[PDB]
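A short write-up of the structure that comes next.
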Ligand SMILES: [Zn+2]
Ligand SMILES: [Zn+2]
Ligand SMILES: [Zn+2]
Ligand SMILES: [Zn+2]
Ligand SMILES: [Zn+2]
């Protein structure tokens, strides 16, 4: 139980690459130690920036908010799908139904209430302008999940969370977000911008999703751990 | 993983109508995009750091102390040491954890040292649905339990606890005006948890408190998501 834990959260700020490209959080120093003797900031946060959780409400009219997700869905068995070999050749590589099929043939079945995370070797560009990989028309290019592989995780497993080391569940050039409309409305939640997936084993680890709980929220940054 | 049965959430659901030390809405949400007119829901949160179940970073009461992002991940996973002072707080709403309360816990459950979180269970978490959480008098001074500054001095001198937890608005009790415990614990690169919940559902010892503290760059605090296991 008290084994070795791993941090899976990025350290985000104003320079952190957001989906919209613009900064997603600003700080105002309300009090400083010099004139007041204590420090306090008043933040303005775009809850869908940084290492954050995509609640079902993000893509639904009456889904589950961040506070309504049960605790049983915040402690997930970790199933990391390595596609970084495929992502090296194709920047728009997606976790296809064939990708997770090979995960069974080396680690066994997917446990119930588990989180499926994509390992595309992409959680290392957050320090530069290459994380979004915006094109000449503002079209971002980064790996993601396929909608058909998303629905594959609905019919034949008890997976509850979909995690990605990129900015979105669907890949960059997704003007429709078919993976989002498939995995979120079914009361399953998503995780984006997951860090340090190269430091956890593909199977056996247990994810600890410290999802926020501001009532009525569609998302929000979450401190995520991984008990290896 | 051995003996892992269940995990309990030690976090309150915070909104604009949540009790704060100052007594104002500590968060103002605004839904920018809606599902019907835009296809998806997205809120913009303008919030204070010390709202709901949050963590006071060392920088909260120091000059160059650690910020929320500078707290080591190892210092976030800590053995949980819960001292129950609910019987005392039932009368005086300002009962503090005396150093003798710590010693009685040592003779009962053993030593605190080795990265331990010293949590205080005063039975105040159930008062969030009313004005008893702050318990402010007719004059305006709040009357809630806290940590005795002498107990914080014993934890640094005699133990190796890297964090401590309360179930109200501050580590100091209600009538504190200079915030003694904040000044005697945070500057030493030791963080505190405020507005914790569900401490009545965890054992007094043998539990592991996983603190999901935020890591926004350069912050003195922020709402967190806390859990307890084995
Ligand atoms: Zn999102
Ligand atoms: Zn690999
Ligand atoms: Zn998303
Ligand atoms: Zn505070
Ligand atoms: Zn007791």
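Chains as they are written, first to last, in my numbering: chain A, 1 to 228; chain B, 229 to 458. Every residue gets a Cβ at the ideal spot worked out from N, C-alpha and C, and that includes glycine.
Item, Value
"Tell me, which residues are paired with residue 451(B) by DSSP?", "282(B)"
"Against residue 39(A), what residues of chain B qualify as contacts under a CB-to-CB distance less than 7 Å, listed in chain order?", "287, 288 and 448"
"Does the pairing of the stretch 121-140 of chain A with the stretch 93-106 of chain A give three or more beta-carbon distances under 8 Å?", "no"
"Between 423(B), 437(B) and 260(B), which lies nearest to residue 241(B) when the distance is taken from Cα to Cα?", "423(B)"
"So is the beta-carbon of residue 107(A) under 7 Å away from any non-hydrogen atom of ligand 2?", "no"
"So, are the CB atoms of residue 283(B) and residue 388(B) less than 8 Å apart?", "no"
"Judging by CA-CA distance, which residue of 430(B), 379(B), 396(B) and 413(B) is the nearest neighbour of residue 372(B)?", "396(B)"
"I need the straight-line Cα distance from residue 84(A) to residue 257(B), nearest angstrom please.", "38 Å"
"Looking at residue 55(A) and residue 181(A), is the spacing between their C-beta atoms short of 8 Å?", "no"
"Using a Cβ-Cβ cutoff of 8 Å, what residues of the stretch 112-144 of chain A are near chain B? List them in chain order.", "none"
"Using a Cβ-Cβ cut-off of 7 Å (strictly less than) and excluding sequence neighbours within five positions of residue 126(A), which residues of its own chain qualify?", "10, 16 and 17"
"What ranges does the alpha helix (DSSP H) occupy inside the stretch 139-198 of chain A, keeping only unbroken runs of at least 4 residues that lie completely in it?", "147-155 and 178-183"
"To be precise: take each residue of the stretch 299-332 of chain B, compare its Cβ to all Cβ atoms of chain A, and keep it if any distance is under 9 Å. Which residues remain?", "301, 302, 304, 305 and 307"
"Measure the CB-CB distance between residue 163(A) and residue 191(A) and report whether it falls below 8 Å.", "yes"
"Measuring straight from C-alpha to C-alpha, what distance separates residue 119(A) and residue 200(A)?", "10 Å"
"For a test of your reading of the model: does the CB of residue 312(B) fall under 7 Å from any non-hydrogen atom of ligand 5? Yes or no.", "yes"
"Short check: CB of residue 230(B) to CB of residue 310(B), under 8 Å?", "no"
"Look at the alpha carbon of residue 207(A) and the alpha carbon of residue 170(A), and state the distance between them as a whole number of angstroms.", "21 Å"
"What I want to know is whether the C-beta of residue 54(A) ends up closer than 7 Å to one or more non-hydrogen atoms of ligand 3.", "yes"
"Where does residue 304(B) sit, in a helix, a strand or coil, going by DSSP?", "coil"
"In chain A, what lies closer than 7 Å to residue 297(B) by C-beta?", "11"
"With a threshold of 8 Å between beta carbons, is residue 210(A) in contact with chain B?", "yes"
"Mark residue 250(B) as exposed unless 16 or more other C-beta atoms lie within 10 angstroms of its C-beta, in which case mark it buried.", "exposed"
"Answer yes or no: do residue 444(B) and residue 297(B) have a C-beta to C-beta separation smaller than 8 Å?", "yes"
"Give me, in chain order, the residues of the same chain whose beta-carbon lies closer than 8 Å to that of residue 139(A); leave out the 5 immediate sequence neighbours on both sides.", "172 and 173"
"Identify the contact partners of residue 380(B) in chain A, using a Cβ-Cβ distance below 7 Å as the criterion.", "Residues of chain A passing the Cβ test: none, with the nearest at roughly 17 Å."
"Between the alpha carbons of residue 33(A) and residue 333(B), how many angstroms are there, rounded?", "35 Å"
"Jot down the residue ranges of each uninterrupted beta strand (DSSP E) in the stretch 247-292 of chain B, minimum 3 residues, whole runs only, in chain order.", "255-261, 270-276 and 282-284"
"Taking the alpha-carbon positions, what's the residue 229(A) to residue 204(A) distance?", "Summary: the structure shown does not reach residue 229(A), with chain A confined to residues 1 through 228, and so no result is reported for it."
"Does chain A have any CB closer than 8 Å to the CB of residue 401(B)?", "no"
"Within 8 Å (strictly less), CB to CB, does residue 158(A) reach chain B?", "no"
"Closer than 9 Å between beta carbons: that is the criterion. Which residues of the stretch 43-54 of chain A meet it against chain B?", "43, 44, 45, 46, 47, 48, 50 and 51"
"For the putative contact between residue 185(A) and residue 63(A), defined by C-beta atoms under 8 Å, what is the C-beta separation to the nearest angstrom?", "6 Å"
"Could you tell me the distance, in whole angstroms, from the CA atom of residue 271(B) to the CA atom of residue 222(A)?", "15 Å"
"Could you confirm whether any beta carbon from chain B is found closer than 8 Å to the beta carbon of residue 1(A)?", "yes"
"Answer with buried or exposed for residue 260(B), where buried requires no fewer than 16 other C-beta atoms within 10 angstroms of its C-beta.", "exposed"
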